[PDB]
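Pasting start-v3.txt here (compact mmCIF, C-alpha atoms):
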# COMPACT_ATOMS: atom_id res chain seq x y z
CA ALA R 1311 -159.72 -13.45 -111.60
CA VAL R 1312 -157.82 -14.66 -108.52
CA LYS R 1313 -155.32 -11.87 -109.11
CA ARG R 1314 -158.17 -9.34 -109.14
CA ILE R 1315 -159.45 -10.81 -105.89
CA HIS R 1316 -155.93 -10.48 -104.52
CA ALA R 1317 -155.98 -6.81 -105.49
CA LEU R 1318 -156.79 -5.28 -102.10
CA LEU R 1319 -157.51 -1.74 -100.95
CA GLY R 1343 -173.47 18.19 -76.63
CA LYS R 1344 -171.09 21.15 -76.69
CA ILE R 1345 -169.12 21.64 -79.91
CA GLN R 1346 -166.30 24.04 -80.77
CA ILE R 1347 -163.92 24.06 -83.73
CA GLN R 1348 -160.50 25.60 -83.13
CA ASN R 1349 -158.24 26.34 -86.13
CA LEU R 1350 -159.10 23.20 -88.08
CA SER R 1351 -157.07 22.58 -91.24
CA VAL R 1352 -157.49 19.56 -93.52
CA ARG R 1353 -156.66 18.55 -97.10
CA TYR R 1354 -157.17 15.20 -98.83
CA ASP R 1355 -154.91 16.05 -101.78
CA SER R 1356 -152.57 18.27 -99.71
CA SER R 1357 -151.73 19.85 -103.09
CA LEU R 1358 -154.57 21.68 -104.86
CA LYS R 1359 -156.03 23.41 -101.80
CA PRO R 1360 -156.62 22.85 -98.10
CA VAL R 1361 -160.18 21.66 -97.57
CA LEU R 1362 -160.56 23.69 -94.39
CA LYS R 1363 -158.42 26.71 -93.50
CA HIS R 1364 -158.36 28.10 -89.93
CA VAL R 1365 -161.99 27.15 -89.30
CA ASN R 1366 -163.38 28.42 -85.99
CA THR R 1367 -166.96 28.13 -84.71
CA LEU R 1368 -168.75 27.06 -81.53
CA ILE R 1369 -172.02 25.14 -81.12
CA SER R 1370 -173.76 25.21 -77.75
CA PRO R 1371 -175.64 22.17 -76.39
CA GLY R 1372 -179.18 22.08 -77.73
CA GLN R 1373 -178.57 24.51 -80.59
CA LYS R 1374 -179.80 23.65 -84.07
CA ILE R 1375 -176.99 24.86 -86.32
CA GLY R 1376 -177.12 25.39 -90.08
CA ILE R 1377 -173.95 25.71 -92.15
CA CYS R 1378 -174.54 27.89 -95.21
CA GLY R 1379 -172.16 29.51 -97.64
CA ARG R 1380 -169.93 27.80 -100.19
CA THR R 1381 -171.11 24.95 -102.38
CA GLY R 1382 -168.86 22.28 -100.91
CA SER R 1383 -165.52 23.75 -99.91
CA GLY R 1384 -166.54 24.35 -96.31
CA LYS R 1385 -169.74 22.47 -95.46
CA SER R 1386 -168.72 19.02 -96.70
CA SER R 1387 -165.14 19.19 -95.39
CA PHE R 1388 -166.41 20.29 -91.95
CA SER R 1389 -169.00 17.49 -92.06
CA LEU R 1390 -166.33 14.97 -93.17
CA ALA R 1391 -164.26 16.01 -90.15
CA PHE R 1392 -167.41 15.63 -88.00
CA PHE R 1393 -167.95 12.22 -89.60
CA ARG R 1394 -164.15 11.67 -89.19
CA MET R 1395 -163.62 11.06 -92.89
CA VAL R 1396 -160.26 12.74 -92.34
CA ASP R 1397 -158.25 13.89 -89.37
CA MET R 1398 -157.40 17.56 -89.21
CA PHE R 1399 -153.95 18.65 -90.29
CA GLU R 1400 -154.02 21.32 -87.57
CA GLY R 1401 -156.40 22.27 -84.79
CA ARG R 1402 -159.03 20.03 -83.28
CA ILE R 1403 -162.69 19.02 -83.66
CA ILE R 1404 -164.67 18.26 -80.49
CA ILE R 1405 -167.98 16.38 -80.34
CA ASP R 1406 -170.09 16.77 -77.16
CA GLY R 1407 -167.06 18.55 -75.68
CA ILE R 1408 -164.65 15.68 -76.42
CA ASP R 1409 -162.21 15.69 -79.34
CA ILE R 1410 -162.83 12.68 -81.57
CA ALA R 1411 -159.12 12.90 -82.54
CA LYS R 1412 -158.07 11.86 -79.03
CA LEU R 1413 -160.44 8.90 -78.90
CA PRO R 1414 -160.06 5.49 -80.54
CA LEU R 1415 -161.68 6.37 -83.86
CA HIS R 1416 -163.60 3.13 -84.44
CA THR R 1417 -165.49 3.32 -81.18
CA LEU R 1418 -165.87 7.15 -81.17
CA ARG R 1419 -167.21 7.77 -84.73
CA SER R 1420 -169.46 4.70 -84.53
CA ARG R 1421 -170.99 6.03 -81.32
CA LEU R 1422 -172.40 9.18 -83.03
CA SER R 1423 -175.59 8.93 -85.13
CA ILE R 1424 -176.48 11.24 -88.05
CA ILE R 1425 -179.75 11.16 -90.03
CA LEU R 1426 -179.84 13.11 -93.29
CA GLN R 1427 -182.76 14.27 -95.46
CA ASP R 1428 -182.25 11.65 -98.19
CA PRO R 1429 -181.92 8.11 -96.77
CA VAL R 1430 -180.63 4.90 -98.30
CA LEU R 1431 -182.41 1.92 -96.73
CA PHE R 1432 -181.59 -1.77 -96.58
CA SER R 1433 -183.69 -4.40 -98.37
CA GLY R 1434 -184.84 -6.06 -95.18
CA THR R 1435 -187.65 -6.39 -92.65
CA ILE R 1436 -189.11 -3.28 -91.03
CA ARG R 1437 -187.59 -4.69 -87.84
CA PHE R 1438 -184.36 -5.31 -89.77
CA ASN R 1439 -184.60 -1.83 -91.33
CA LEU R 1440 -184.98 -0.62 -87.75
CA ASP R 1441 -181.84 -2.50 -86.86
CA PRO R 1442 -178.81 -0.51 -88.02
CA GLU R 1443 -178.06 -1.12 -84.32
CA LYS R 1444 -178.56 -4.90 -84.45
CA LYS R 1445 -179.08 -5.30 -80.68
CA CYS R 1446 -182.15 -2.99 -80.69
CA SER R 1447 -185.26 -4.50 -79.15
CA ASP R 1448 -188.54 -4.67 -81.07
CA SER R 1449 -190.20 -2.47 -78.41
CA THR R 1450 -187.50 0.19 -78.78
CA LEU R 1451 -187.81 -0.02 -82.58
CA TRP R 1452 -191.61 0.41 -82.49
CA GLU R 1453 -191.23 3.24 -79.94
CA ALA R 1454 -188.70 4.95 -82.24
CA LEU R 1455 -191.19 4.57 -85.10
CA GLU R 1456 -193.78 6.19 -82.81
CA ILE R 1457 -191.42 9.12 -82.18
CA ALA R 1458 -190.83 9.37 -85.94
CA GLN R 1459 -194.61 8.98 -86.56
CA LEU R 1460 -194.27 5.75 -88.53
CA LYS R 1461 -195.41 3.17 -85.92
CA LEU R 1462 -199.00 3.57 -87.12
CA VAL R 1463 -197.93 2.77 -90.67
CA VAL R 1464 -195.32 0.30 -89.33
CA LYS R 1465 -198.05 -1.64 -87.50
CA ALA R 1466 -200.23 -1.10 -90.59
CA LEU R 1467 -197.47 -2.39 -92.85
CA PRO R 1468 -198.49 -5.88 -94.13
CA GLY R 1469 -196.01 -7.80 -92.00
CA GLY R 1470 -195.76 -5.16 -89.28
CA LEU R 1471 -192.17 -5.17 -88.02
CA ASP R 1472 -191.58 -8.26 -90.18
CA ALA R 1473 -192.71 -6.60 -93.42
CA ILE R 1474 -189.84 -7.03 -95.86
CA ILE R 1475 -188.91 -3.69 -97.41
CA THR R 1476 -188.27 -5.33 -100.78
CA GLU R 1477 -186.19 -3.30 -103.28
CA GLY R 1478 -184.44 -1.47 -100.44
CA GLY R 1479 -187.45 0.50 -99.28
CA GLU R 1480 -189.35 1.20 -102.49
CA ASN R 1481 -192.75 0.49 -101.00
CA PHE R 1482 -192.03 3.46 -98.72
CA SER R 1483 -192.01 7.01 -100.03
CA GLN R 1484 -188.91 9.19 -99.86
CA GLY R 1485 -190.67 10.87 -96.95
CA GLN R 1486 -191.58 7.53 -95.36
CA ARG R 1487 -187.94 6.47 -95.79
CA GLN R 1488 -186.97 9.79 -94.17
CA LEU R 1489 -189.28 8.90 -91.27
CA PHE R 1490 -187.58 5.49 -91.09
CA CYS R 1491 -184.20 7.26 -90.94
CA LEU R 1492 -185.56 9.56 -88.23
CA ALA R 1493 -186.68 6.53 -86.21
CA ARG R 1494 -183.23 4.97 -86.73
CA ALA R 1495 -181.70 8.18 -85.35
CA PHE R 1496 -184.14 8.28 -82.43
CA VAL R 1497 -183.42 4.63 -81.59
CA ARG R 1498 -179.74 5.42 -81.78
CA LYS R 1499 -180.34 8.29 -79.28
CA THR R 1500 -177.55 10.51 -80.60
CA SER R 1501 -176.20 13.47 -78.64
CA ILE R 1502 -175.37 15.30 -81.87
CA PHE R 1503 -176.97 15.35 -85.33
CA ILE R 1504 -175.44 15.96 -88.76
CA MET R 1505 -177.94 16.74 -91.50
CA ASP R 1506 -177.48 17.02 -95.25
CA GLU R 1507 -180.09 19.45 -96.59
CA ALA R 1508 -182.62 18.02 -99.05
CA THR R 1509 -182.09 18.92 -102.70
CA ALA R 1510 -185.84 18.66 -103.37
CA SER R 1511 -189.08 19.19 -101.49
CA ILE R 1512 -191.20 16.55 -99.80
CA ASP R 1513 -194.66 17.90 -98.93
CA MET R 1514 -196.19 20.57 -96.77
CA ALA R 1515 -197.27 18.21 -93.99
CA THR R 1516 -194.07 16.24 -94.36
CA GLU R 1517 -191.56 19.09 -94.45
CA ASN R 1518 -193.54 20.66 -91.58
CA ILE R 1519 -193.42 17.34 -89.68
CA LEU R 1520 -189.71 16.90 -90.47
CA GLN R 1521 -189.09 20.42 -89.14
CA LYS R 1522 -191.20 19.66 -86.03
CA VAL R 1523 -189.20 16.45 -85.52
CA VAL R 1524 -186.00 18.45 -86.05
CA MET R 1525 -187.16 21.00 -83.46
CA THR R 1526 -187.95 18.27 -80.91
CA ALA R 1527 -184.76 16.37 -81.80
CA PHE R 1528 -182.56 19.46 -81.54
CA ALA R 1529 -184.06 20.36 -78.17
CA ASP R 1530 -181.20 19.54 -75.70
CA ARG R 1531 -179.17 18.02 -78.57
CA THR R 1532 -176.70 19.24 -81.16
CA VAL R 1533 -178.05 19.61 -84.70
CA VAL R 1534 -175.60 20.36 -87.51
CA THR R 1535 -177.39 21.21 -90.75
CA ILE R 1536 -175.27 21.23 -93.90
CA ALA R 1537 -177.34 23.81 -95.75
CA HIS R 1538 -176.97 24.79 -99.40
CA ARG R 1539 -180.22 26.66 -99.88
CA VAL R 1540 -181.12 29.40 -97.41
CA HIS R 1541 -184.75 28.22 -97.65
CA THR R 1542 -184.63 25.70 -94.81
CA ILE R 1543 -182.27 27.53 -92.48
CA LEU R 1544 -184.39 30.67 -91.96
CA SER R 1545 -185.80 29.03 -88.81
CA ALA R 1546 -182.54 27.42 -87.71
CA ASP R 1547 -181.56 27.97 -84.07
CA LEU R 1548 -178.06 28.82 -85.34
CA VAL R 1549 -176.61 29.80 -88.71
CA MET R 1550 -173.00 29.23 -89.81
CA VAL R 1551 -171.90 31.38 -92.76
CA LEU R 1552 -169.09 29.88 -94.84
CA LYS R 1553 -166.64 31.49 -97.26
CA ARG R 1554 -163.74 29.87 -99.17
CA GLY R 1555 -163.81 26.82 -96.92
CA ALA R 1556 -163.81 28.96 -93.77
CA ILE R 1557 -166.54 30.24 -91.50
CA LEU R 1558 -166.65 33.97 -92.25
CA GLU R 1559 -169.69 34.71 -90.08
CA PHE R 1560 -171.65 32.88 -87.40
CA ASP R 1561 -174.93 34.48 -86.36
CA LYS R 1562 -176.84 32.08 -84.21
CA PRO R 1563 -180.20 33.63 -82.99
CA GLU R 1564 -181.85 33.44 -86.50
CA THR R 1565 -180.44 36.77 -87.68
CA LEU R 1566 -179.24 35.94 -91.20
CA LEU R 1567 -180.55 39.29 -92.45
CA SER R 1568 -178.64 40.93 -89.59
CA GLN R 1569 -175.68 38.67 -90.50
CA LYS R 1570 -175.48 40.57 -93.85
CA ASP R 1571 -174.43 37.50 -95.82
CA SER R 1572 -174.91 37.27 -99.59
CA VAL R 1573 -177.01 34.09 -99.49
CA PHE R 1574 -179.14 35.74 -96.79
CA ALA R 1575 -179.39 38.87 -98.95
CA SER R 1576 -180.51 36.77 -101.92
CA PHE R 1577 -182.99 34.95 -99.69
Could you rewrite the structure in this file as structure tokens?
Amino acid sequence: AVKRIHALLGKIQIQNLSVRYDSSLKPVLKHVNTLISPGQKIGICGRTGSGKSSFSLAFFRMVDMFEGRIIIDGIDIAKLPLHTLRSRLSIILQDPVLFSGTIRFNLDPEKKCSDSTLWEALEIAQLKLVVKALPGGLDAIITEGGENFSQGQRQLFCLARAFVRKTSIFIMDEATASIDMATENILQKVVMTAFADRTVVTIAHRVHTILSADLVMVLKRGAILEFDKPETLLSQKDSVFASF
């Protein structure tokens, strides 16, 4: 047992980014090039996971590039101390894992956040009414890691956590299921307000969501093959757009 314990372990442009975790089977990204303007909402569509997830992983700094560079808000994260840099960027995805704590504590993934800022963030992400109308308000324990909230209500919580973190750039994993009509519509409205003046990177798999994206990134074999931004996927002539 002691031996087992001892067993230890807003302007964006991509220029020629190469990465591989294995370095043997295949490069994860090969000569990737794309540019995201400040305030654009950008969807990445294309491959299953050979381009979208490796690009996102580089955005999340899960790996450094082998070649090229990745800039966030105009600054390369590769030329910054990684621990401060990557920690200073907030991403909120469609499906959120929440901690088994107070609403206030759930609204502290940024432990120095004030209660006023947390409640304000819940107002922005339209939860403050239900937050105040939660049984303990901000002190309501989200027992079972958030199971008294819906998936949508958890998504709202994640949105408030993003708003409180006041990110300059967003990275979004597209939902694999639907939510509601009022909730997907709200989520999209929140996305539209969030992406105003801010960078939104949507890792899209279905073309269903990204038909009203501000920008579309078309991926092929781990590379961006096309990049039509002004919502012209049909004009883009891409196969996922043609099937949509």
**OP:** Kindly indicate which residue among R:1364, R:1370, R:1377, R:1412 lies nearest to residue 1552 in chain R, using all atoms listed in the file for the distances.
**Re:** R:1377
Dump as a Markdown table the rows for residues of range 1394-1435 of chain R within 12 Å of range 1467-1481 of chain R: closest atom pair and distance in Å with one decimal, only C-alpha atoms counted, ordered by chain and rising residue number.
| residue | atom | partner | partner_atom | distance |
| --- | --- | --- | --- | --- |
| R:1429 | CA | R:1479 | CA | 9.7 |
| R:1430 | CA | R:1478 | CA | 7.7 |
| R:1431 | CA | R:1478 | CA | 5.4 |
| R:1432 | CA | R:1478 | CA | 4.8 |
| R:1433 | CA | R:1478 | CA | 3.7 |
| R:1434 | CA | R:1474 | CA | 5.1 |
| R:1435 | CA | R:1474 | CA | 3.9 |
**OP:** Work out how far CA of residue 1547 in chain R is from CA of residue 1411 in chain R, in Å to one decimal.
**Re:**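 So the answer is 27.1 Å.
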Original post:
Residues at most 10 Å from residue 1448 in chain R, counting all atoms listed in the file, excluding those fewer than 4 positions away in the same chain, as a PyMOL selection string?
Top reply: chain R and resi 1437-1438+1440-1441+1452-1454+1471
**OP:** May I have the residues at most 12 Å from (-163.3, 9.8, -80.4) in the file's coordinates, counting all atoms listed in the file, as a ChimeraX atom specification?
**Re:** /R:1391-1394,1397,1402-1422
Proximity of range 1394-1426 of chain R to range 1487-1504 of chain R: per-residue shortest pair, 6 Å limit, only C-alpha atoms, as a Markdown table:
| residue | atom | partner | partner_atom | distance |
| --- | --- | --- | --- | --- |
| R:1422 | CA | R:1500 | CA | 5.8 |
| R:1423 | CA | R:1500 | CA | 5.2 |
| R:1424 | CA | R:1504 | CA | 4.9 |
| R:1425 | CA | R:1495 | CA | 5.9 |
For those residues, write C-alpha atoms to a file as a compact mmCIF listing (two decimals), in the frame of the given file.
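Dumped everything to part_24.txt:
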# COMPACT_ATOMS: atom_id res chain seq x y z
CA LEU R 1422 -172.40 9.18 -83.03
CA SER R 1423 -175.59 8.93 -85.13
CA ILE R 1424 -176.48 11.24 -88.05
CA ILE R 1425 -179.75 11.16 -90.03
**OP:** Please indicate the distance in Å from CA of residue 1384 in chain R to CA of residue 1548 in chain R, rounded to one decimal place.
**Re:**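 Separating CA of residue 1384 in chain R from CA of residue 1548 in chain R is a distance of 16.5 Å.
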Original post:
Separation of CA of residue 1450 in chain R and CA of residue 1530 in chain R, in Å?
Top reply: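 Atom-to-atom, CA of residue 1450 in chain R to CA of residue 1530 in chain R, that is 20.6 Å.
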Subject >> Nearest to residue 1558 in chain R by atom-to-atom distance, counting only C-alpha atoms, from R:1346, R:1545, R:1459, R:1367 >> reply: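 The shortest atom-to-atom distance to residue 1558 in chain R comes from R:1367.
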**OP:** Find, counting all atoms listed in the file, the residue in R:1319, R:1549, R:1446, R:1527 that gets nearest to residue 1375 in chain R.
**Re:** R:1549
Original post:
Can you list, as a list in words, every protein, DNA or RNA residue that comes within 10 Å of residue 1506 in chain R when you count all atoms listed in the file, leaving out same-chain residues fewer than 2 positions away?
Top reply: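 Selected residues are residues 1376, 1377, 1385, 1386, 1389, 1424, 1425, 1426, 1427, 1428, 1504, 1508, 1509, 1534, 1535, 1536, 1537 and 1538 of chain R.
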With all atoms of range 1426-1438 of chain R from the file as input, state the centre and edge lengths in Å to one decimal of the axis-aligned box that has 8 Å extra on each side, as AutoDock Vina command-line options.
--center_x -184.5 --center_y 3.9 --center_z -93.1 --size_x 25.3 --size_y 36.7 --size_z 26.5
Original post:
Near residue 1528 in chain R, within 9 Å and counting all atoms listed in the file, which residues show up once chain neighbours fewer than 3 positions away are dropped, as a PyMOL selection string?
Top reply: chain R and resi 1372-1374+1502-1503+1523-1525+1531-1533+1547
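Take the candidates R:1447, R:1356, R:1484, R:1526 and check each one against residue 1513 in chain R using all atoms listed in the file; the shortest distance goes to R:1484.
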**OP:** Pick out the residues sitting within 12 Å of residue 1556 in chain R, and hand them over as number ranges by chain; count all atoms listed in the file, and ignore anything fewer than 3 positions along from it in its own chain.
**Re:** R: 1347-1352, 1360-1367, 1377-1388, 1550-1553, 1559-1560
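In this comparison, which uses all atoms listed in the file, the residue of R:1529, R:1544, R:1458, R:1569 approaching residue 1516 in chain R most closely is R:1458.
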**OP:** Considering only C-alpha atoms, state which residue in the set R:1354, R:1565, R:1400, R:1451 is at the smallest distance from residue 1464 in chain R.
**Re:** R:1451
